[PDB]
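> I would like the atomic coordinates for the input below:
(11 chains, ligands or ions: 13)
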Amino acid sequence: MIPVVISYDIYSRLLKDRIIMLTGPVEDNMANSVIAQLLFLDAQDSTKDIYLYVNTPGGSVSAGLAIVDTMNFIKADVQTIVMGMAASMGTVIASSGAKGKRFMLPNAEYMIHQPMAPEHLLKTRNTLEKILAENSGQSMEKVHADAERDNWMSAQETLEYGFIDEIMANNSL
Amino acid sequence: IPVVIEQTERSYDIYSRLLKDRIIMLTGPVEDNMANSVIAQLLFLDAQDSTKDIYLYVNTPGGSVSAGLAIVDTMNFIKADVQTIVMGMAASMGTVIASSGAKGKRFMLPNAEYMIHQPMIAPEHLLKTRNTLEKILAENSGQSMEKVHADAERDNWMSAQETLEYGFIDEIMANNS
Amino acid sequence: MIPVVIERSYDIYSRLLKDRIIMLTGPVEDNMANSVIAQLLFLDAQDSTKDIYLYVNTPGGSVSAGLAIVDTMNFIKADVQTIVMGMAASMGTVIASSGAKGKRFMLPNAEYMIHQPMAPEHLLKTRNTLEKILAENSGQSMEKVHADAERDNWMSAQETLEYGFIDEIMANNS
Amino acid sequence: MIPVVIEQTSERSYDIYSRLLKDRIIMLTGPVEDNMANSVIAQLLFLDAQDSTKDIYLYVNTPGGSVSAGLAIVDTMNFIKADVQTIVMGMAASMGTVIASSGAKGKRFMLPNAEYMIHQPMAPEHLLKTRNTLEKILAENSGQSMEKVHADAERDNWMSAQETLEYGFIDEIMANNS
Amino acid sequence: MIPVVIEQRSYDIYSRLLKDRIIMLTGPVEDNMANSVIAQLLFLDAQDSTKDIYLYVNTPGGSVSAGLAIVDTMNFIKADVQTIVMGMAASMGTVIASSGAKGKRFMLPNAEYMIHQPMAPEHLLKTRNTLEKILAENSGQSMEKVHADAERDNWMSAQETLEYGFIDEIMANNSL
Amino acid sequence: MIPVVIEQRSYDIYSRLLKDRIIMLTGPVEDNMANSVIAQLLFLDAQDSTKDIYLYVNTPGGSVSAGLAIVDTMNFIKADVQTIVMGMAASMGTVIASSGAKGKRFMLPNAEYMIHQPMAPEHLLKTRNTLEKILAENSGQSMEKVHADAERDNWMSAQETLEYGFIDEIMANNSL
Amino acid sequence: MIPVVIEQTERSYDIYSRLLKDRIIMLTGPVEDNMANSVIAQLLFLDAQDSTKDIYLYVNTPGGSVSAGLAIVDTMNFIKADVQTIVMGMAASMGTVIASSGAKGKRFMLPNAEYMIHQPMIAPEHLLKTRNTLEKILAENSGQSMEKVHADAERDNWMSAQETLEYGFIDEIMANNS
Amino acid sequence: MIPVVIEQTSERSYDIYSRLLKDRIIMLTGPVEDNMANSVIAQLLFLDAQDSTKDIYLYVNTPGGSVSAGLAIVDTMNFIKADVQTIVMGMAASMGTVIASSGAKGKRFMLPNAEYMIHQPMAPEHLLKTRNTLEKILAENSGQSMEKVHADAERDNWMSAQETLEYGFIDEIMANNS
Amino acid sequence: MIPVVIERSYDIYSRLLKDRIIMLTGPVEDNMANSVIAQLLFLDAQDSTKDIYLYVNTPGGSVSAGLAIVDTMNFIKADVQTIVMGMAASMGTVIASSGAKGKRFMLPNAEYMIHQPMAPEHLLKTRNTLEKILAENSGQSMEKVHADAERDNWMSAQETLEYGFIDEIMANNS
Amino acid sequence: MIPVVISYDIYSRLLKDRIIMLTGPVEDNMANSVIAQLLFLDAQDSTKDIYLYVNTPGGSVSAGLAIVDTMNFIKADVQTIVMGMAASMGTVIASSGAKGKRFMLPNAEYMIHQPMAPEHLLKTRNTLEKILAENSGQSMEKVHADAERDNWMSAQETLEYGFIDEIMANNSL
Amino acid sequence: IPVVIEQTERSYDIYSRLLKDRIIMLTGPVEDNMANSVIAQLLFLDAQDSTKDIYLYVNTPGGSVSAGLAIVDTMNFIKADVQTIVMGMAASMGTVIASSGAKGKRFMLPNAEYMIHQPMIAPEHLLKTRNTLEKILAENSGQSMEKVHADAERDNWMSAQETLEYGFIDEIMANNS
Ligand SMILES: [Ca+2]
Ligand SMILES: [Ca+2]
Ligand SMILES: [Ca+2]
Ligand SMILES: [Ca+2]
Ligand SMILES: [Ca+2]
Ligand SMILES: [Ca+2]
Ligand SMILES: [Ca+2]
Ligand SMILES: [Ca+2]
Ligand SMILES: [Ca+2]
Ligand SMILES: [Ca+2]
Ligand SMILES: [Ca+2]
Ligand SMILES: [Ca+2]
Ligand SMILES: [Ca+2]
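Numbers count the residues shown, from 1 in each chain, chains lettered A, B, ... in the order given. Ligands and ions are numbered 1, 2, ... in the order given. I have put the structure below:
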């Protein structure tokens, strides 16, 4: 464990203040840690916001969509904050945050391409694209068309597209 | 392993703090070791208070039949009703487990997927066990065993909507937004 | 094997964190970078008016993670002093450079390397972004930085002060 | 297998190294690299913050290692106003000698059967630059000429405790009191 | 960690013995275990340097450098360090054990002892001379004869070892 | 190489059969074995394209790309390529075997057949459509029904396979 | 490693190919696709050379792959040439199905060889059908009820040359000529 | 398992590929890299030395690979005055397409179920330079605009045999004569 | 899997050796380098008056082995033409460059890289030795070569002809 | 095998003309191949010279000294030719060639440091130094003193020291 | 594996061309596989012509006692005298083998080294075998077995000069220059 007082992580201090770090590739283990943290924070107080910092290259669709259904299901609004990068399921997750409370760091980048029986994979990619469309107010056909490209979007581009609501300040100037 | 502190200064991990609220996390492949943890958790909560419900969240690809069935039998033995919430996916033994949750109280998240195919010592043993898993599946859902046997003989992923239709869950959980 | 101070049982890095010190060591990659960030966010919430002291000793590494440190440093109100010890290369200088003006130090024997190693068009956009940050942090031109960085060229502390990546070289008090 | 020590107060529990850290003892052990160095430097910064007037005891037993990690230790030792004593046990080789010899003057010790080698093993023109730097520190630390240190360092001989006193890298050999 | 007790990481059997000034030096001699041993020796001495220390030794041998750091530390501290050989002591093992406070070096009766030290060649010869010198200082036998006997791979019974001078008493079989 | 004969590397049992226009396609379908098979097919055709070729097939399946290169090469050359299934034919196996000159596709009586083809998803679906199309062309059955039966993991006896249309005759048990 | 021999017409043959000229094939080790495709290759060769001359197939295997074993049996049964079998050392599982499918009257076994007709074994209904087939073949080859072969094949017991004769799986035990 | 072919003369022995090399057939197979390329180029240089007026048949089946190894093949094909025909079988991807499309004009074929992908997977500013080069060759080879090829190459779709005729990378699809 | 021509059974590289062609591929290291040398020594003994054609396609590698090829080329009387195909970097250009004057070719799409990557004083003596050879082979100054080589800079065939590392770019005859 | 006619190496062609390549690290296997080649060439004609090309970083002392005793023992003079480098036992071998017939390529380098029970290793290093002294006409004390350094010698330096007799020409000028 | 061609066109490797001149190369660790090659070579030469000598060059660290002794017994059984030439080193079984060469005809190169220590199933077997190897060593050299046993109980490397003194070889081979 890293910065440790006594087992008591730096991350566990941030959790007292309702913050959750989503970090590294999304696979079942970290997803269930994030999910447990959400059900816990909801149960403590379903009326205070939760702040879900996201920095992931992506990964498992099943685990990522489980975090997402968990997010939607808990009454508490889950703000999301992209830092460094969100790709693959990282964009599905981050964009599914509460409309008006989705943020992003200025130098971070965003990537909505979803790399994946094949009949089923195609269905899943459609559900995933459907969701990015609902999250951005954009048309499904636009998202499908934009996603098949392997282009990274700036925070400015991600804002104009609708996946987020404000880019974080450079409070040093 | 994030950590939650309570004051009066003692220190749970997050899964343990949920267990104080009677939540259990059945996650990853079903094998003996994680199945024992779940079974000990179940026995412990029931003894602590057999009136309150237990909430078993299931996100699993399946795994050993033996270990899954020990989980089922424990859920069925203890007095406390075991709700099951399928998140992510429930494949093979996953569905045997989640569907054996107390009827009226089997939930699934909107985007979870389901799979009742049961992949599989002697061949006539494998048959008996596979009929047994289908036999439980059929009882759980309200369907005939012939029905279950032909639909478990394909690699059909089921949506939550299809899972409710078929009878393995009672309720799709909501999206609040 | 990380030592412990009772005050109740801090590890040596947690103890230094009470005094608002964060250590940044080894290669910059997602996990260590997400740790430094969690400490910065934690420290900013504790007190936004008090300065944070960030020691920096790294060969560099991932642009994504390192640019997450820079942004977090910039996002929080609390000024982030940076102390370079041993070395700072590649992303390490982008981070150390981005300390609050006047509050960027370096130990006498440390070394600096502003070279940034690395989808082709995308790589070229990322390198322009880093060289732009380094120019703003040094009061130098983008053309000067671009030329100095395509050398593999180590810089003493004196040289690094002249360039203006730091503000003060710290003492040899013995 | 790190033994712990129970002290009874108001009951606390230290591993042995952390117990020694209460008496301002740091253990520089094994190869020098970015992690163990970071740990040493953190201990140095802590102790000094507690009390700049009480000394620090750095026991040294290393084959040497990374030049940049070693120079970060050296530079922390010099930056903190607290005097850092060095005690070479077993061996100090290469970066271990630049470290040990930078201990406060008059307070650099070495066990009798320990050994010392000041050779500094090494992109071309940079390697030359750091080697001059390392030899320059070794020279200032021993009151010798850099010319001299350059000659001796390259010849890959080990020095006994006695020879290392004669050279100027330590100030005292600790005794055989038993 | 084994077998353990947590507090009113954990308080294992070696930490409990260490409370009675008992240090256990086992397995091959290398830098990590030697640094643990040296830190234990400096600790105990700091607490009371008029009280003996009991160093149990069971080791195939290993690093000369680390073994000599253990030996010099034993000799630096004013507290006497008794040594007890159990099972085997070989190479740096013997150099370490035979350096126990004179009068207070013991061996178990079926333990075995081997003074052979397997090893740039000018430097290997030099450290070997140091070890053989120390062995002779500890035993009361001449360097020439220590050198002769180490150049062979014979194990020594506790009786051969006491007669040689590396130990002071064999511990008894007390079921007799 | 096995069992071999050197000359008046060596002349192994497969080279000897190849003299009688017999090609053996075995193990998983991958690029190296497929290139050997294609080179054999082009060789034999060049020597005499009016003389049949006998391609023995025993394979779990494998690379679609390589399997389709074997199939197109069979079809390009004017020489008819008889195919004989032995042991098993699965996936690209069946696609390859069922593409034998019509009238001249055989199977051993205890051999087994499996038309399921395990597999960017738009492209995986596309190649799967190609295979299923070919299976239907070779069998005389509809794509719909080929698609239905391939979506299941059932092995087929030589009798089920002849009735389905992938083969033309089952070879006899001649010890009767 | 395996040695070489010359024959006249001036040609090298490895010992196995020399034995092939006498229509002898050697089947040894676990039944898997490589060795089984090699035995089949050989059997096709002999059939192309002369479809009426007898073939002599030596068998020493603990069994293995069902698909590849049945490929051999079927190739043996397809070609009109009588395939004689000689079990040596052991024949177990597919080995007994292979050896017992030799031409009636021409299945042999060495006096200390051992037989074992138990068949161990991807979907489960298919595995059951496959085992029926194997016992069906064993029944035919021995002239016994499938019922009896089922019971006897469950046991996992080892038969001697003489017990293999009594069962009907072989026709003659070969002599000790000393 | 490379079969050999015996021809009787005055008795010689070719592996199948070397036998095909007598008819001026070369097999470009597997990933493109420095070794298999060297072998191809050596075959190209040999055949051409024998007779500059007889054509060369390069069958192609590769996932692509090294750009410099591929461009060495391409440049040998163009340097030798002998016309090199290309036949894509199975697949040609990436460097395999730059190679195949540089076959003599009118003599570039492709099997019906084969597939073609002209995406060229990629130190920064150099990678841009070679990608322009590769697209420039692809453009000249297909009579298309480079703008066009740049658009289509980056979109990572596969092309059927028919589509590849429509594009200009081949001249003929070989038939299903059976 | 190296093809064969009967003439009695040459492998494709031995057959080309009858025509005095040697191929130089992959990384330059002791074993392949000792092979090329054995071929050069063999070919020189066969006829010292006839030219040898050396094809060169390599990323570079060991200085010792590569400098053994250069010396062997220089030691034998028979002129050694060098044909660069694909690429020649680092030691590969020292070798290709050292072909006989007028007889140093390059295929149109090949690339050149004169950078030479690498006991510190010794490394610096070796790099001066290589840069000195490259200067003599190109008719350029040691200062020019030294500056151009500390870039990581790929050269087209045109650029390489201008520099004077080759004499002719060979045709695209299609 | 490399440039192959028929098993028949490029190296085996050079051997018809009495040339032997010594290459890679000297260990027992390659040493016994070199030794077999020497006894063969001696037996064919003990009056024609043998040409031993050497390019080795060094290695096993026992195997290297076996090549050397073999060289001295066969009546035929063994010329040696250093190319690329000779280090450790490579210098013992190369320098033990017939006095007046030891050659070296102009850019090759040479290294007489001999890196190695310790009492025995020291004896072996002395025998090795003894031999380099006999081979160069230099004093043993000079060789010992020069060898403990890890310095590489030029062909010019190696000539002035006496380990060789002529540096090969650059016949391109 | 360099190759030698003879003309009348047939092609030996170098070790095989030496074998035509009755030379055998016992090299590397003594194990069963290389020992068989040597034994086949020995049997083959003796049958071809039992009057001419065989020249066994030995450069070996030692190895299996079993396999070495099979080599010795073959050298001693066949009629043709087996000269042995120690080059590089001869340790353990190496020395048992080389010293069992036909007396008068055991050679060693000037710089070769020798080692009769024999490093070593049940302990009383190891003893019998070790006495047997010493017993052969003693017979070979002309020394008593007590002598051999105490000198084989050290890690003494022997020079050629010491090896001639002691009796394991007949002649140090010359340096011509
Ligand atoms: Ca919510
Ligand atoms: Ca809301
Ligand atoms: Ca219940
Ligand atoms: Ca700030
Ligand atoms: Ca003491
Ligand atoms: Ca004494
Ligand atoms: Ca056809
Ligand atoms: Ca049809
Ligand atoms: Ca038959
Ligand atoms: Ca020349
Ligand atoms: Ca000679
Ligand atoms: Ca002479
Ligand atoms: Ca004899």
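> going forward, measure contacts and count neighbours with C-alpha atoms only.
OK.
> specify the beta-bridge partners of the closest residue to residue A:152 other than its chain neighbours.
Nearest non-adjacent residue to residue A:152, counting by Cα to Cα, 6 or more residues apart in numbering or on different chains: residue A:111, 5.1 Å away. Under the criterion DSSP bridges, residue A:111 forms beta bridges with residue A:87.
> in chain A, what residue is nearest ligand 9?
Here chain A gets closest to ligand 9 at one residue, residue A:117, 43.4 Å apart by Cα to the ion.
> and the spatially closest residue to residue A:100 that is not a sequence neighbour, what is it in contact with?
The shortest distance from residue A:100 to any residue other than its chain neighbours is 5.5 Å, reached at residue A:165 (Cα to Cα, 6+ apart). Residues in contact with residue A:165 (Cα atoms under 8 Å, 6 or more residues apart in numbering or on different chains) are A:99-103, A:159.
> can you do 7 Å?
A:100-103, A:159 (Cα atoms under 7 Å, 6 or more residues apart in numbering or on different chains).
> kindly tell me how buried the residue of chain A closest to ligand 9 is, as a neighbour count.
Residue A:117 sits with 14 neighbouring residues when counted by other Cα atoms under 10 Å in any protein chain shown.
> next one: it from residue B:116, what distance?
16 Å (Cα to Cα, to the nearest Å).
> repeat that for residue A:21.
For residue A:21 relative to residue B:116 (Cα to Cα), the value is 34 Å.
> likewise residue A:71?
In terms of Cα to Cα, residue A:71 sits 27 Å off from residue B:116.
> do stretch A:55-63 and chain B meet?
Yes: using Cα under 7 Å from any Cα of the partner chain, stretch A:55-63 reaches chain B at A:62-63.
> that older thread, quick one, phi/psi of the residue nearest to residue A:100?
phi -120, psi -30 (degrees, to the nearest 10).
> of all the residues in chain A, which ones are close to ligand 1?
Applying Cα under 5 Å from the ion, we find that chain A lies next to ligand 1 at A:71-72, A:74-77.
> secondary structure added to those residues, as CSV?
Converted to CSV, the residues of chain A next to ligand 1 look like this (DSSP: H, G, I helix; E, B strand; the rest coil):
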residue, secondary structure
A:71, helix
A:72, helix
A:74, coil
A:75, coil
A:76, coil
A:77, coil
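> and the helices in chain A, which stretches?
A:10-16, A:28-44, A:61-73, A:89-95, A:118-136, A:140-147, A:155-161 (DSSP state H).
> for the third one, name the packing helices and strands.
Packed against helix A:61-73, as judged by 3 or more Cα pairs under 7 Å, 6 or more residues apart in numbering or on different chains; DSSP states H and E, are the following elements: helix A:28-44, helix A:89-95, strand B:82-91.
> chain center to the second one: distance?
Pointing back at helix A:89-95 there. Its chain's C-alpha centre and that of helix A:89-95 lie 4 Å apart, by Cα atoms, centre = their mean, to the nearest Å.
> over to the longest one?
The gap between the average C-alpha position of helix A:28-44 and the chain average comes to 14 Å, counting by Cα atoms, centre = their mean.
> C-alpha coordinates for it, CSV please?
The C-alpha coordinates for helix A:28-44 follow below in CSV (Å, rounded to 0.1, in the frame of the first residue of the first chain):
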residue,chain,number,x,y,z
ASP,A,28,-13.0,-7.3,-13.2
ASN,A,29,-11.0,-6.7,-10.1
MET,A,30,-10.5,-3.0,-10.1
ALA,A,31,-14.1,-2.6,-11.4
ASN,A,32,-15.5,-4.4,-8.4
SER,A,33,-13.3,-2.2,-6.1
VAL,A,34,-14.8,0.9,-7.8
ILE,A,35,-18.3,-0.6,-7.6
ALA,A,36,-18.0,-1.5,-3.9
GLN,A,37,-16.8,2.1,-3.2
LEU,A,38,-19.9,3.4,-5.0
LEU,A,39,-22.4,1.3,-3.2
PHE,A,40,-20.6,2.3,0.1
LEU,A,41,-20.7,6.1,-0.7
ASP,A,42,-24.3,5.9,-1.8
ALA,A,43,-25.3,4.1,1.3
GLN,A,44,-23.6,6.6,3.6
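> who's in contact with it?
In contact with helix A:28-44 (Cα under 7 Å, 6+ apart) are residues A:18, A:20, A:22, A:63-64, A:67, A:70, A:74, A:76, B:14-15, B:18, B:28.
> nearest to ligand 7: which residue in chain A?
residue A:118 (32.2 Å).
> wait, residue A:84 touches residue A:108, no?
Yes: between residue A:84 and residue A:108 there is a contact under Cα atoms under 7 Å: 4.3 Å.
> between these two, tell me which one has more neighbours.
When residue A:84 and residue A:108 are compared for neighbours, residue A:84 comes out ahead with 30 against 23, by other Cα under 10 Å.
> show me the contacts for the more buried one.
A:55, A:108-109, C:64-65, C:67-68.
> same question, residue A:118
By Cα under 7 Å, 6+ apart, the residues touching residue A:118 are F:121, F:124-125.
> just name the most buried of the helices of chain A.
helix A:89-95 (a mean of 28; mean count of other Cα atoms under 10 Å in any protein chain shown).
> helices or strands up against that helix?
Checking 3+ Cα pairs under 7 Å, 6+ apart, helix A:89-95 ends up next to helix A:61-73.
> chain center to the helix it packs on, what's the gap?
Taking Cα atoms, centre = their mean, the mean C-alpha location of helix A:61-73 is offset from the chain mean by 10 Å.
> also stretch A:81-98?
Centre-to-centre, stretch A:81-98 and its host chain are 3 Å apart (Cα atoms, centre = their mean).
> first-to-last residue distance for it?
Chord length of stretch A:81-98, first to last residue, is 11 Å (Cα to Cα).
> which single residue in chain A comes nearest to ligand 10?
Residue of chain A nearest ligand 10, by Cα to the ion: residue A:150 (52.2 Å).
> any idea how far residue A:127 is from chain J?
Going from residue A:127 to chain J by Cα to the nearest Cα, to the nearest Å gives 58 Å.
> no no, residue A:104
57 Å.
> what is the burial count for that residue?
31.
> ok, and the closest non-adjacent residue to it?
residue A:82 (4.5 Å).
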